[PDB]
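Participant: Have a look at this one.
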Amino acid sequence: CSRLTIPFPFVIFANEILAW
Amino acid sequence: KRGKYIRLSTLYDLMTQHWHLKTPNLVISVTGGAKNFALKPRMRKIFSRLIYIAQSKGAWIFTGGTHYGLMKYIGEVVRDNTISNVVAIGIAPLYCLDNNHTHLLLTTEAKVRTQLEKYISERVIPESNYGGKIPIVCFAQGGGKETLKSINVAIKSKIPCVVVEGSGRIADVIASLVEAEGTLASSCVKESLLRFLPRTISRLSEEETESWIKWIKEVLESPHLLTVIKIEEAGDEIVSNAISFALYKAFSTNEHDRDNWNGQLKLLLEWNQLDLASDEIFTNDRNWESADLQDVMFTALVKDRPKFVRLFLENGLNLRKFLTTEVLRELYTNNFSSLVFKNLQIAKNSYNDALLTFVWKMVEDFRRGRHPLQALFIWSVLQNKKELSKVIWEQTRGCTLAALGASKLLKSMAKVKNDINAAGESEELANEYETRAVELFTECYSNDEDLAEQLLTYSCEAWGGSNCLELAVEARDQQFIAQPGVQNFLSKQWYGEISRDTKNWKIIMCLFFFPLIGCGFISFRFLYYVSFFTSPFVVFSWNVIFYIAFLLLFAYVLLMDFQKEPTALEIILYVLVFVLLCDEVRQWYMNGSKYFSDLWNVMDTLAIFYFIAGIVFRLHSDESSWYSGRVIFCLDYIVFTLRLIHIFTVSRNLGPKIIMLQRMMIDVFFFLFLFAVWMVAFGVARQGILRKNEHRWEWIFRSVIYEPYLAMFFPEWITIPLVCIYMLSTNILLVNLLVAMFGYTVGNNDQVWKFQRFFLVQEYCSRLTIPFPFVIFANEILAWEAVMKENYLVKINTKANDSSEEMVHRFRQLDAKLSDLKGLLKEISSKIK
Amino acid sequence: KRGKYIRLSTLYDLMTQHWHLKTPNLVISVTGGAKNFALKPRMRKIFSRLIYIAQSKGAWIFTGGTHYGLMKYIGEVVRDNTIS
Amino acid sequence: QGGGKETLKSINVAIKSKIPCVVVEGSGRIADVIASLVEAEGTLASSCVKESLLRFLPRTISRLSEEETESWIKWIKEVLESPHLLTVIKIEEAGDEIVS
Ligand SMILES: CC(C)CCC[C@@H](C)[C@H]1CC[C@H]2[C@@H]3CC=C4C[C@@H](OC(=O)CCC(=O)O)CC[C@]4(C)[C@H]3CC[C@]12C
Ligand SMILES: Cc1cccc(COc2ccccc2C(=O)N(CCCN)Cc2cccs2)c1
Ligand SMILES: CCCCCCCCCCC
Ligand SMILES: CCCCCCCCCCC
Ligand code: NA
Ligand code: NA
């Protein structure tokens, strides 16, 4: 999941919770 | 952001009409501006359960809205509950204001606070739970003059009950001056209050210190308005055990509700006061007819009081009469949570079974418009009512069946990944309905086996449309099926009307010699042949014996026969293959296009369709396709023998090894698939390197697949990385081989194969009970387990022995005995004076 | 199916000679027509062990034969022991 | 096991007339009374029937006359004339085989 989120042929195209 | 403030020196309408809602409860916390307040782990817990109670009942919490000690802790628990409604109204060298109260109304302030809360106690309410009257409670935990007159002006002026506890300065005083009758104890206020808070008396005059004795002694003029949260109450639900007992005291001592037993019940039902409602209401000196216990029952179901549903049933309430046609539809759309019903949509669509379709349609026809007890049970199972559904289960008629249908309905609603908290709870509740149906059925099987096995196959009167066995295989309830009652049932369904005590070989030798059945050789249970040859152990033994003789005759046809004409041997080879196909088409039902997904049952059909093509090539009369009809018979002879090898493989390892096998079968099929992928890529590499560079046809695409198997059955610098291919292709294929070996291990093991041994034998018993050559020729027990359930519920209830050895009754039964000795010591001193 | 009834305002021979057997034990449960009866888990157990004892010793259990509270519970444990 | 006038004279006409033994237990209205008036010798306890029976069932006394309420004291005290015909299934007997 830390790779690119786009398929192979298209690689060339590219404090409120601490209170909880 | 919010927080409203009003400067102040008639009031109530400016906050219930302009601002917010009505009060079913109202709590008063009085400490005053104590800048210090020792919050223990206990006092942090008492005033955190209290705001959860005000969150549940919807109360107002009047306190002094300044940012010190308790009142800044009460404020910061309120914003903790609005993070995870509560209306904490605040009324107040110099104190700073508290930035956590919802509405602020700022010594000089404790008269408008009293005359407000004395007005809310004055009101008359048409909802009328507490006789109307809006329940007012006043807490107390600390010392000082201000919290002493707050208890005074509560109790003396009107009747709000007051709750204190034994941790503090003067709330410990009144916690000590209530277990004592000394004719108002005219100077024990001085004999208390000095030895437990010695520094406050030497700070003021005597005439006001005696006024504190006048203050305290008029609190104790009514001890029915004074509940004490004692220190030894080391458990949850002790604030509400004190608030409800304070509200029950003030309600029942009105001297008006002697005829109103029902108003005491609805009060004691809203709070979960079971052990108070049993001994103060249902004691048979009070007169109730068990006819007005029905609207109180419908409230005990919807607010999830499971202990009160049980108390209403055991005091006399016919649940069959109560569950009318409209109560179930005031329950499936009015009191059905939409998060479950949205989750019922996803379970019905993504993991669809025959039981869910009856459940999804019976939820719908109540929300759109007869076994009523089993509709209330599904209502309380779908919503994961953990302990209410255990009460309705004991009132159902088919109790082993409904414990399995609930265990399947939850196991399908726990297959939804929409919320893994609700899917983790309902899987846990399903695992204790399967356990509930194991130990009920072993109780039924420790009685006579002919009635418990009458109950396994009960026609259910359309519960879900299935018996207890069908509802346990589809649920994959491995614990219900691995129990010895169900395994003994199947081994009698497989041995048939033959007894299991005859021998194993004694059955087989009666196949080869029919007149041994008519003697006393076999000990089954006038024409015993139709009983012997219908048991599926004999049908399986004859079908394998026929299948070997079919293969020994197909070997004679292939070698000695088969010259040019299909003579009398080969025609009956069709007829023996035809009954191997006629039974397949009559078993081609119930497939769902998934019966053929195992490579040993699609192999059965593809061995005949590759054999029927051998009868096509047989009747062509030319030598160019007669021999092509022999090589398709000889290749099909190996397919028919591998099915015999697979029959011997399964039927020997049908036991503990049936999990190791058939997991290793799909693990070797994956290795052989990866080996076939590698042999294809070895074929392209070997064809691309060798000759015939551009001289090709569809010769290539049919040879490259087979040239490495014919290979199985210039060195400048590339020869050394050719070995690094054989050190990589050996590695990645040997790992797939060893994964196939040891993959059965990784992944209670007795109930895994006992479910599979049950599922395979019941799959074979669901075939025809006639051998291969003859396929062309073709509420009295629910009353019994109601007795068996009550014997079972006695077993699990009297298993509270390690909780009876917890001596919390014996820690307090001598406290009444030592106080029996205590009071007699005191009165004998009064006589000799 | 069964269940015999006699309207009544010397008696014993008309049930040991015409009807059934002799008594090694004889239990008397007296509550009267209490229309309400709080059956706890304990009182459900005391009056279920008792009928098992009368099953073992072969007793007669005289009670008020009306369908209310204990006497309808005593009756329905009796048919539970004739089922098991 | 329960209360009322009828189960009180049933214990009476059992014990007084002939000798069948009587078994009570401590869960009920007046069977809890005689479960409390057997661990006590007070020379027949001439008014402890009033010192019992009121603090543990307070609504049945204010439904009838006094001369029959004193007759209930006459009813209860002739039960206790023979305490060898009065077994109590006590509450702490949390186990099987306590009826027999
Ligand atoms: C030359 C041929 C004709 C003579 C040899 C006969 C055998 C090939 C046949 C007759 C006895 C048969 C067996 C009879 C008993 C067994 C065990 C039986 O397994 C069980 O009993 C499991 C118990 C259960 O499933 O509940 C399954 C069939 C099987 C292997 C049969 C497989 C084939 C057998 C060995
Ligand atoms: C090539 C071919 C095609 C169709 C049918 C056959 C004859 O197959 C049998 C022979 C003897 C006994 C039982 C069978 C037989 O039907 N089984 C094998 C039983 C053991 N796994 C099919 C199955 C039953 C349950 C799951 S699978 C052969
Ligand atoms: C379970 C043992 C069965 C032994 C086989 C019986 C004899 C088969 C051959 C009979 C001709
Ligand atoms: C380049 C070949 C190296 C030898 C391979 C040995 C594999 C043995 C597999 C036995 C399971
Ligand atoms: Na290789
Ligand atoms: Na290899």
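Participant: Can you work out the Karplus-derived ³J(HN,Hα) for every residue in region B:413-424? Use 6.51 cos²θ - 1.76 cosθ + 1.60 with θ = phi - 60°, whole Hz, and x for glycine or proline.
Facilitator: For region B:413-424, the Karplus-derived couplings read 7, 8, 7, 7, 9, 6, 7, 7, 7, 5, 7, x Hz, x marking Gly and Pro.
Participant: Per the Kirkwood treatment, what hydrodynamic radius in Å, one decimal, follows for the protein assembly as shown from the mean inverse distance over all distinct Cα pairs?
Facilitator: Working: mean 1/r = 0.0266 Å⁻¹.
Taking the inverse mean of 1/r over all distinct Cα pairs, the protein assembly as shown comes out at 37.6 Å.
Participant: Same structure, new question: In deg cm²/dmol and to the nearest 500, what is the mean residue ellipticity at 222 nm of chain B if only DSSP H runs of at least 4 residues count, each as -39500 (n - 2.57), divided by the residue total?
Facilitator: Numbers: 39 runs with 431 residues, N = 833.
That comes out to -15500 deg cm²/dmol.
Participant: Next question, about the same structure. Can you list residues whose amide H is under 5 Å from residue B:497's amide H, if they're 5+ apart or on another chain and H is modeled 1.01 Å from N?
Facilitator: HN-HN under 5 Å from residue B:497: B:535.
Participant: Still on this structure: Suppose every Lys and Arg Cβ carries +1 and every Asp and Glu Cβ carries -1, with no other charges. What dipole size does the protein assembly as shown come out with about its Cα centre, to the nearest 20 debye? The partial results should precede the final answer.
Facilitator: Numbers: 117 positive and 108 negative charges, 316 e Å.
With only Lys, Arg, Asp and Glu charged at Cβ, the dipole is about 1520 debye.
Participant: Once the Cα atoms of helix D:66-79 and of chain D are each reduced to a long axis, what angle between those two axes, in degrees from 0 to 90 to the nearest 10, is obtained?
Facilitator: Helix D:66-79 sits roughly 30 degrees off the main axis of chain D.
Participant: Related question: Ratio of alpha-carbon Rg to the 2.2 N^0.38 Å globular estimate for region B:272-328, to two decimals, please. Kindly include the intermediate steps, with their values, before the conclusion.
Facilitator: Values: Rg = 11.4 Å, N = 57, 2.2 N^0.38 = 10.2 Å.
Region B:272-328 yields a ratio of 1.12.
Participant: Could I ask something else about it? Which pairs break 29 Å Cα to Cα here: B:149/B:303; B:386/C:45; C:57/D:77; B:133/B:156; B:411/B:594; B:217/D:50?
Facilitator: B:149/B:303; C:57/D:77; B:217/D:50
Participant: Provide Rg and Dmax in Å for region B:169-276, with only Cα atoms included in the calculation.
Facilitator: That works out to 17.3, 52 Å for Rg and Dmax.
Participant: P(r) tail for region D:18-100, what percent of Cα pairs lie past 15 Å? The partial results should precede the final answer.
Facilitator: Working: 2061 of 3403 pairs.
Taking all Cα-Cα pairs of region D:18-100, the fraction more than 15 Å apart is 61 percent.
Participant: Another question, if that's okay. Can you put B:804, B:128 in order of Cβ neighbours within 10 angstrom, beginning with the fewest? Intermediate results must be reported in sequence, preceding the final value.
Facilitator: Values: B:804 15, B:128 11.
Least to most surrounded, the residues fall as B:128, B:804.
Participant: Still on this structure: Arrange the following residues from fewest to most other Cβ atoms within 10 Å of their Cβ: B:450, B:236. Mind showing how you got there, number by number?
Facilitator: Values: B:450 7, B:236 10.
Fewest to most other Cβ atoms nearby, the residues stand as B:450, B:236.
Participant: Shifting gears a bit: Hey, got the dipole for region B:580-702? About the Cα centre, +1 on K and R Cβ, -1 on D and E Cβ, debye to the nearest 20? Mind dumping the intermediate values first?
Facilitator: Working: 13 positive and 10 negative charges, 80 e Å.
The calculated dipole for region B:580-702 is roughly 380 debye.
Participant: Still on this model: Nearest 5 percent is fine: what portion of the DSSP beta bridges confined to the protein assembly as shown is antiparallel? Mind dumping the intermediate values first?
Facilitator: On the way: 1 of 32 bridges.
If we restrict to bridges inside the protein assembly as shown, about 5 percent are antiparallel.
Participant: Out of B:721, B:357, B:248, whose Cα points farthest toward the positive end of the dipole of the protein assembly as shown (charges: +1 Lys, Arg; -1 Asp, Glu; placed on Cβ)?
Facilitator: B:248
Participant: Same structure, new question: What's the percent breakdown of Cα-Cα distances in region B:672-761 across 5 Å bins, shortest bin first?
Facilitator: 3, 10, 14, 16, 14, 11, 8, 6, 7, 5, 3, 3, 1
Participant: Would you tell me the mean number of C-beta atoms belonging to other protein chains that fall within 10 Å of each C-beta in D:82-93, as a whole number?
Facilitator: Working: counts 0, 0, 0, 0, 0, 0, 0, 2, 0, 2, 4, 2.
Mean shielding by partner chains, rounded to a whole number: 1.
Participant: Report the percentage of all Cα-Cα pairs in region B:424-557 whose separation exceeds 17 Å, rounded to a whole percent. Could the numbers behind the result be given before it?
Facilitator: Values: 6115 of 8911 pairs.
Summing the P(r) of region B:424-557 above 17 Å gives 69 percent of all pairs.
Participant: If you don't mind, another one. What are the residues whose amide H is under 5 Å from the amide H of residue B:165, where those residues sit 5 or more places off or on another chain and H is modelled from the backbone?
Facilitator: Residues meeting the criterion, in which the H sits 1.01 Å from N, are B:140, B:229.
Participant: Still on this structure, I have one more. Stokes-Einstein diffusion coefficient for region B:677-833 at 37 °C in a medium of 0.692 mPa s, Rh from the Kirkwood formula over Cα pairs: what value in µm²/s? Working shown, then result.
Facilitator: Details: Rh = 27.4 Å.
Rounded, D is 120 µm²/s.
Participant: Would you order C:63, B:567 from fewest to most other beta-carbon atoms within 10 Å of each residue's own beta-carbon?
Facilitator: Least crowded to most crowded, the residues run B:567, C:63.
Participant: Which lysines does residue C:1 reach when only Cα atoms under 20 Å apart count, and residues fewer than 8 places away in its own chain are ignored?
Facilitator: Those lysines meeting the cut-off are C:72.
Participant: While we're here: Report, by chain and number, residues whose modeled amide H sits under 5 Å from the one on residue D:22, excluding near sequence neighbours (fewer than 5 apart, same chain).
Facilitator: D:86, D:87
Participant: Can I ask one more? Each residue of region D:33-50 in order: what ³J(HN,Hα) in whole Hz does its phi give by Karplus 6.51 cos²θ - 1.76 cosθ + 1.60, θ = phi - 60°, with x for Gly and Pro?
Facilitator: 5, 6, 6, 9, 9, 10, 8, 7, 10, x, 6, 6, 6, 5, 9, 6, 4, 6
Participant: Among all the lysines, which ones have a C-alpha under 29 Å from residue B:506's C-alpha, if same-chain residues fewer than 8 places away are not counted?
Facilitator: Those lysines meeting the cut-off are B:492, B:657, B:754.
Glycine gets a Cβ as well: all are built from the backbone with ideal geometry, and neighbour counts include every protein chain shown. Read the figures in this text as sums done on the coordinates, not as results from a lab.
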